[PDB]
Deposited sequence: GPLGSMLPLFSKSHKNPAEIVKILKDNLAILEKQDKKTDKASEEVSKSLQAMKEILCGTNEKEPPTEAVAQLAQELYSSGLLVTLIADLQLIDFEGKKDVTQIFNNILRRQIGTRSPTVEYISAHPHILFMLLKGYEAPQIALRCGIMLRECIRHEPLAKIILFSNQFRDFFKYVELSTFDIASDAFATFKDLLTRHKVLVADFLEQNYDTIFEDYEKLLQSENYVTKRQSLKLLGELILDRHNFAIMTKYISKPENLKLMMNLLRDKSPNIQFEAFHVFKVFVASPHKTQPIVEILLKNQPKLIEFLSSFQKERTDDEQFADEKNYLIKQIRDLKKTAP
């Protein structure tokens, strides 16, 4: 409670672009270093420290003015945030309830990927928030979720890789929440995802194709799976990706492609494409990646699809 009063006033001084803030940075970092020693063990004074951070609204201004804090101080901000977030009084989680009432915290962390100086630090904290279903729900259903499709395509590899890390977590952690979300925003969310499968970046094209395959095969995403494999232009894309210059990309495509073929309730436009390329796909899959010898599953999977295509007939 003593340290809170000093840090609150000094951060407001640092908020000003004045050169006099150079001395305040020493006081801000020392305040954060003292708070880290309390939380990270003694837990008597910890109980009062939490309520002081909530009521002051300091937990909001610390992320807001994270770029103005020094490296050593920035490390402490992360340690404090991640510790406070895991605090549990009974069944209730007080920080999750706080960030539920203060959602700007989540969007400030997400907008963090735009600034390289704090992008990775923000990524870690944003990922810690989305561990809890209510905080993941807020980002998922927000319009700011669509920014990930631009954040994963960034020029800096490390930030872009961290962006996909959070993006993947948001779509795979809370499977009941994700399934309902994807069902609601299907048309807009998959219009954006198509751009990732069309990416010039090999890693973006591979990891997106892999995640798509992972999403569709999950039991919770049955409605999404049925909707994806019903669209004719989606099969055409998977069939085109099987012909990509990269054998890793064409292998990742095969796992999305196999879902289209193995389904008993295939839509007529899909049946027409598969019948129009019936002997073409028979000879393709017969010679497709024969080098993969130590993979009995892939060998059996190919023969199943060859039979499924050969067994195809008109309605």
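- What the model leaves out of the deposited chain are the segments 1-17, 58-63, 339-340.
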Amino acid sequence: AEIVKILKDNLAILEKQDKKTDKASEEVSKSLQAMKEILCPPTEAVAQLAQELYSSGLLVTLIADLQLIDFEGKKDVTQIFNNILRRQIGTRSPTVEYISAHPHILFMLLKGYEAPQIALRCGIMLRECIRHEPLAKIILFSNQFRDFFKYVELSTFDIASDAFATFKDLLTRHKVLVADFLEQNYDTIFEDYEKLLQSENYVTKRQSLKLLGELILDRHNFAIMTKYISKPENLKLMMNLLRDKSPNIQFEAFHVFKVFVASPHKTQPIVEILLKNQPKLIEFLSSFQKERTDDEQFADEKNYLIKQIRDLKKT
From here on, numbers count along this sequence of modelled residues.
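- Stretches compared: 254-262, 24-32. Higher mean C-alpha B-factor in the entry: 24-32.
- Relative to its counterpart among 287-295 and 7-15, 7-15 has the higher mean temperature factor, C-alpha atoms as listed in the PDB entry.
- In the PDB entry, the Cα temperature factor peaks, among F145, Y193, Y151, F71, at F71.
- Taking only the listed residues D187, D180, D76, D218, the entry reports the highest CA temperature factor at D76.
- In this PDB entry, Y98 carries a Cα temperature factor that places it within the highest third of its chain's modelled residues.
- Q88: CA B factor lies in the highest third for its chain, per the PDB record.
- Annotation for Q67: C-alpha temperature factor in the highest third relative to the rest of the modelled chain, per the entry.
- Looking at the C-alpha B-factors along this chain, the one for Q278 belongs to the lowest third.
- When the CA B factors of the chain's modelled residues are split into thirds, the value for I80 lands in the highest one.
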